[PDB]
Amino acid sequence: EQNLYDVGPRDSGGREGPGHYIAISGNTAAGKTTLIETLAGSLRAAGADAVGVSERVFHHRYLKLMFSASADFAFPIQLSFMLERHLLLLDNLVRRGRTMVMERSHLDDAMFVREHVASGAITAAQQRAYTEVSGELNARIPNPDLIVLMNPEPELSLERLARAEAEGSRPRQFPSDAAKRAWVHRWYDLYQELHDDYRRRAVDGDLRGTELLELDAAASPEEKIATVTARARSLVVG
């Protein structure tokens, strides 16, 4: 529908360079999909060649093995998340000049490798190889232009996940109820640290040209849309 995998030539009129790049940053079941789909449609209405990319686009067929056999599959499935996200951005954002609304940016994947390194599922040597490739890939992708910091509390994530799994609107990704609870909590803690890093790197680090926006994951979806649209509308190019 959104022409995400077109290997044909760029069609951006007279506008040169990459499109613009909006990303949500937060733990699972933060309430992202209504937001990013609405934003992509409103940016298109303003004349932007914009697309919204749900993270489910990047779910490998083998995703569940990351969580049921993590010391075997966490390293290559983490490579898959960063590689497939990279390729989609390199083609759509950079090569074809389109504007992206992402449920997760290329800057967030490293924290998921950190989680598996701490648990022991990914070795230090695997992490070093990952980081070498990640640095080369990320150097070819512009920083996100607007990052929405939206980290849900763990019990909110788990309530939303439980309802979605019960009604069959998403699959059961974890090997046990406790594995789901534990990964959600470990990711929550890492995301709190990552967002504090973001606040620093937007002032004294590599993101001084990027806008950060804080957003409560428990806010109503209409409030989320209104808050993020007020900043995203400014980024429209034809």
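Start at 1 with the first residue shown and count on from there.
- Looking at mean Cα B-factors across 161-169 and 110-118, the upper value is held by 161-169.
- 203-211 and 190-198 differ in mean CA B-factor, and the higher of the two is recorded for 203-211.
- Residue-level temperature factors show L235 in the lowest third of its chain, judged at the C-alpha atom.
- In the deposited entry, the Cα temperature factor of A217 places it in the highest third of its chain's modelled residues.
- For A29, the recorded CA temperature factor ranks within the lowest third of the chain's modelled residues.
- Ranked against the other modelled residues of its chain, the C-alpha B-factor of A179 as given in the entry falls in the lowest third.
- In the deposited entry, the Cα temperature factor of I36 places it in the highest third of its chain's modelled residues.
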